[PDB]
Structure formats: structure tokens, C-alpha cells
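J.: First, the structure itself, so that you have it in front of you.
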Amino acid sequence: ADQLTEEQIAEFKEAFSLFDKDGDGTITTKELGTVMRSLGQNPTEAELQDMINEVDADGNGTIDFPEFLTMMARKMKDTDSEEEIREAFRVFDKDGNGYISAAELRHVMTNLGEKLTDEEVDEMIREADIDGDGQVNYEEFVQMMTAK
Amino acid sequence: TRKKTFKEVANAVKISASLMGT
């Protein structure tokens, strides 16, 4: 209700510090989209008006960080619990073949920020890979979301 | 890290369609 997983801890710190330069406690509204996009996220302006509409319910002109991911937790938790996983293929699965290959995770990484060669990927996959085909499936990419 | 790598990358990008609208 108040906190989720380290997922919040990973970006609620940056979504806070990426734009809290004014020293206004939390990050600005007109800039929240950018604190959101500076994270690699590509949201809508209309939803940016939907969230600014939801947060500006107090009238402070700023955006709390521990309570916004919670908004993201509810944007996925109640909508579809089945598609919530398959969307990760929307995240990593590039070749749309069902298997997020080592080039795609690399191409993921490149999109996300890192470049990863052929021999450096044979660790990102093996980490989730059960059979070791070199192309991460659902259950490998999935178990690693629970494995720990 | 050698045996754990997606576990680290997932925390950053585990969900995208949650805040995405197309």
C-alpha cells in the first residue's frame, strides 16, 4: 500500500533527484513527464494530464516520488494480471518469435543504455536460461523475477 | 555478477506497458 519492491527504490530516488533542483521537496509537474522520460520511459501527455490531474488533487504544483510508482503499480496490477507478463515480451521480445534472443537483449540493452557483444550476452541469458539455448524464453525471464 | 544478470536489469525495466499507451 505504501511501498512495493526495490523497483520503487530504483527510480523513486532518481525521479526525485532527476528534477528536484529547485529544492521544492518533490519534482515539478510540467517536468514530471521528463523525469519519467529521462528514465527511458515514453508516456503520453494526455496521461501526463491524467496523472497531473490525479496528483494536483492537493494543489501543491509538485509530485511525490513514493506515491507515483504506486500509481504505476495500480496501472498494471488491476488492468490485466495475465498480460502483465506478456508485456515484458513487449519490453524485451524484439524478434516477436517468442524468444528474446541475445541480440535483442543486447538491442534491449542498447535501447535501455548498454551495448552487449556475442560472448558478453552468454551470461545475461544463462542467468535465466534453464536449457541454455541462448534465447531467453518466458519461464526463464519469469523465474528470475521470482528466483530471488 | 556471473550467474545473475536479468535479475539486475529487470528491476530497471520489468514493466513498460504499465505507463505506456498506444
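With ideal geometry, Cβ positions are generated from the backbone for all residues, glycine too; neighbour counts draw on all protein chains shown. Nothing in this text is a laboratory measurement; each read-out follows from the coordinates by a stated rule.
J.: Ordered by residue, what ³J(HN,Hα) values in Hz, to whole numbers, does region A:53-69 give under the Karplus form 6.51 cos²θ - 1.76 cosθ + 1.60, where θ = phi - 60° and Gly and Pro are x?
T.: With coefficients 6.51, -1.76 and 1.60, one gets 6, 7, 7, 6, 8, 10, x, 10, x, 9, 9, 4, 8, x, 9, 7, 5 Hz.
J.: Provide the FRET efficiency to the nearest 0.05 for the A:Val142-A:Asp50 pair, computing r from the beta carbons and using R0 = 25 Å.
T.: Details: r = 30 Å, r/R0 = 1.20.
Once rounded, the FRET efficiency stands at 0.25.
J.: Something else now. Taking a threshold of 20 Å on the Cα-Cα distance, which of the pairs A:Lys115/B:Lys7; A:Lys94/B:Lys3; A:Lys13/A:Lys115 fall above it? The partial results should precede the final answer.
T.: Values: A:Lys115/B:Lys7 18 Å; A:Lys94/B:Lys3 24 Å; A:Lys13/A:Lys115 25 Å.
Violating the 20 Å limit, Cα to Cα: A:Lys94/B:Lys3; A:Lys13/A:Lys115.
J.: A follow-up question, please. Could you work out how far apart the two model spin labels at A:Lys13 and A:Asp133 are, taking each label as a point 7 Å from the Cα in the direction of the beta carbon, and quote it in nm?
T.: Taking the two extended label points, one gets 3.7 nm.
J.: Of A:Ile52, A:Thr5, A:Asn42, whose Cα points farthest to the positive end of the dipole of region A:5-81 (charges on the beta-carbon: +1 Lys, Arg; -1 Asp, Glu; origin at the Cα centre)?
T.: Highest projection toward the positive end goes to A:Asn42.
J.: Work out the length of the dipole vector of region A:5-81 about its Cα centre, built from +1 on the beta-carbon of each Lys and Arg and -1 on the beta-carbon of each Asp and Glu, and round it to the nearest 20 debye.
T.: 160 debye
J.: Next up: Translational diffusion coefficient, Stokes-Einstein: compute it for region A:28-84 using the Kirkwood radius over C-alpha pairs as Rh, at 20 °C and 1.002 mPa s, and state it as an integer in µm² s⁻¹.
T.: Details: Rh = 12.1 Å.
It comes out at roughly 177 µm²/s.
J.: Follow-up. In the protein assembly as shown, if every C-alpha pair distance is counted and binned at 5 Å from zero, what percent goes to each bin?
T.: Each 5 Å bin holds this share of Cα pairs: 2, 8, 16, 20, 18, 14, 11, 7, 3, 1, 0.
J.: What distance in nm separates the simple spin-label points at A:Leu39 and B:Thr22, each placed 7 Å from Cα in the Cβ direction?
T.: Inter-label distance under the simple model: 1.9 nm.
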